[PDB]
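For reference, the structure discussed in these notes is given below.
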Amino acid sequence: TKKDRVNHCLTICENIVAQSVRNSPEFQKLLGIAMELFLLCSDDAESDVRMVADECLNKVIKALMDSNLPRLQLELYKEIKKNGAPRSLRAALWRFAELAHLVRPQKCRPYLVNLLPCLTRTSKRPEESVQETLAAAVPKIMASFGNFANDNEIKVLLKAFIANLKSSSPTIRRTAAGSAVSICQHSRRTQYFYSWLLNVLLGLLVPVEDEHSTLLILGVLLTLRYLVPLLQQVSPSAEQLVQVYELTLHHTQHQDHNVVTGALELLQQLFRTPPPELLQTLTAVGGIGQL
């Protein structure tokens, strides 16, 4: 049935694209069935089945990217809504992000509301392949839906991703850092959330003397490194920035070389693109003694 499954999907692959009418009521139902079959066929034991299902997954999308994009977005999201197999979810997730920017502004608010639980729920998935897909899907989705989000809604997503900063897996620990920074970058109040994220990240480590998990230290230090370039112009203050610089200097003396190299990377990111308030402090003869 291996050849049957490939041929059957390939049969519906060419059938749906080579069809004169693209708005008949039967076409909408048939497109949904054809869509979900490809996602289902995207997670099969035979590898060649998978490179055929996904190849026709976007071949149908490219052909119908103009006539029936709203229907394709609904079908792609319906797969993400049902948290399923890692290969099928990440197959729908990485395509929904690509077509996210083609949604008209009148439909960007309902999608964001429905997609907020999906982004939080998918962050809990421990697979290192799902996290990699979500690491790329969040910047694309936020860049198209971020401005339609309430101030508390951004806080919900940030708190969900911050909880993954202490994970053992670097892929989970790096996806959380990238997504958290990118969520703030594409929000309405970019400067407000930059300061809001900065104190939250600092509050996770600013009790310097007390013990902190090495996993948490690596997660926060990476998040600051992703946030430093975007701080180059309420808003983050020179007191917050100098606190980050002091946090970096302390952690270069850690025992774990991963922490040492993690903080050292942040230190060079600070010096490559220094925020103007911190740069004035670091260059003044009395720089931090005044503060």
Side-chain angles (χ1 to χ4, degrees), residues 138 142 146 151-152 154-167 170 172-291:
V138 159
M142 275 315 80
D151 318 280
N152 57 59
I154 298 300
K155 273 142 171 188
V156 162
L157 262 287
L158 288 164
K159 288 176 172 220
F161 279 103
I162 285 158
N164 283 116
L165 283 165
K166 59 187 180 295
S167 170
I172 304 200
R173 198 168 67 251
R174 161 165 57 73
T175 290
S179 288
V181 166
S182 92
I183 278 164
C184 299
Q185 167 170 34
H186 296 117
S187 41
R188 302 191 67 74
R189 300 161 70 202
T190 284
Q191 296 304 323
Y192 164 78
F193 283 111
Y194 282 4
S195 192
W196 185 93
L197 181 71
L198 195 55
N199 66 33
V200 160
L201 293 174
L202 280 174
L204 277 163
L205 302 176
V206 79
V208 185
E209 286 77 8
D210 323 284
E211 204 273 346
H212 300 294
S213 164
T214 280
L215 271 39
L216 183 63
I217 292 167
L218 286 170
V220 175
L221 286 171
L222 188 75
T223 321
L224 295 171
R225 204 189 64 164
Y226 288 169
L227 187 63
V228 155
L230 307 189
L231 293 193
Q232 210 179 32
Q233 262 175 13
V234 84
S235 63
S237 74
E239 166 54 34
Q240 303 218 110
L241 269 306
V242 71
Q243 232 170 4
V244 167
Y245 163 85
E246 295 262 53
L247 184 63
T248 295
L249 281 197
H250 166 264
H251 280 316
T252 62
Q253 311 305 131
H254 211 278
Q255 299 77 46
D256 189 358
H257 79 122
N258 286 10
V259 177
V260 164
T261 197
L264 220 56
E265 281 180 347
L266 171 56
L267 188 61
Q268 84 163 356
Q269 184 65 272
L270 275 169
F271 292 165
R272 291 268 179 75
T273 79
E277 47 287 54
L278 172 59
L279 185 44
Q280 273 140 33
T281 293
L282 289 172
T283 331
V285 165
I288 318 171
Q290 278 79 317
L291 300 179

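The chain is numbered in sequence order, starting from 1.
- Between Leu201 and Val220, the closest heavy-atom pair is O-CG1, 3.7 Å.
- With values rounded to the nearest 0.5 angstrom, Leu197 atom CG is found 9.5 Å from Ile183 atom CD1.
- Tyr194 places a side-chain heavy atom less than 4.5 Å from the side chain of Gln185.
- Residues passing the salt bridge (charged side-chain N to carboxylate O under 4.0 Å, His left out) test with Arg189, sequence neighbours excluded: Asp151.
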### Message
I'd like to know whether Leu247 forms a side chain to side chain contact (heavy atoms under 4.5 Å, CB included) with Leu224, so could you lay out the CA-CA distance, the side-chain angles of the two residues, the decisive distance to 0.1 Å, and finally the verdict.
### Response
CA-CA 11 Å; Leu247 184 63; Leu224 295 171; 4.3 Å; yes
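- Atom-to-atom distance recorded for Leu222:CG and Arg173:CZ is 8.0 Å, nearest 0.5 angstrom.
- A heavy-atom distance below 4.5 Å is not found between the side chains of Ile154 and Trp196.
- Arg174 pairs by the salt bridge (charged side-chain N to carboxylate O under 4.0 Å, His left out) definition with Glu132, not counting sequence neighbours.
- Here the side chain of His212 pairs no donor or acceptor atom with the backbone of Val206 at under 3.5 angstrom.
- The two atoms that bring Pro274 and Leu279 nearest to each other are CG-CD2, 3.6 Å, heavy atoms only.
- The side-chain hydrogen bond (donor to acceptor under 3.5 Å, both in side chains) test applied to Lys166 returns no partner, not counting sequence neighbours.
- Residues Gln269 and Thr273 are in side-chain contact: their nearest non-hydrogen atoms beyond the backbone lie under 4.5 Å apart.
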Ignoring hydrogens and angles, write down the donor-acceptor pairs under 3.5 Å from the side chains of residues 230-240, residues two or more places apart or on other chains.
residue : atom : partner : partner atom : Å
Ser237  : OG   : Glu239  : N            : 3.4
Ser237  : OG   : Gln240  : N            : 3.4
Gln240  : NE2  : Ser195  : OG           : 2.9

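- Shortest non-hydrogen contact noted between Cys184 and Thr190 is O-OG1, 3.6 Å.
- Residue pairs meeting the salt bridge (charged side-chain N to carboxylate O under 4.0 Å, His left out) criterion with at least one member in residues 194-204, sequence neighbours excluded, do not occur.
- Screening residues 198-211 for salt bridge (charged side-chain N to carboxylate O under 4.0 Å, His left out), with sequence neighbours left out, gives no hits.
- A side-chain hydrogen bond (donor to acceptor under 3.5 Å, both in side chains) check over residues 247-266, counting only residues at least two apart or in different chains, returns the pairs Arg225-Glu265.
- How far OH of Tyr245 is from CG of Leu266: 11.5 Å, rounded to the nearest 0.5 Å.
- Screening residues 276-289 for side-chain hydrogen bond (donor to acceptor under 3.5 Å, both in side chains) gives no qualifying pairs among residues at least two apart or on separate chains.
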Just list the side-chain donor-acceptor pairs under 3.5 Å for residues 156-164, sequence neighbours left out, or say none.
none

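- The shortest side-chain heavy-atom distance between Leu204 and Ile217 does not fall under the 4.5 Å cut-off.
- Between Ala177 and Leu165, the closest heavy-atom pair is N-CD2, 4.1 Å.
- Of all non-hydrogen atoms in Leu227 and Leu198, the two that sit nearest each other are CD2-CD1, 4.1 Å.
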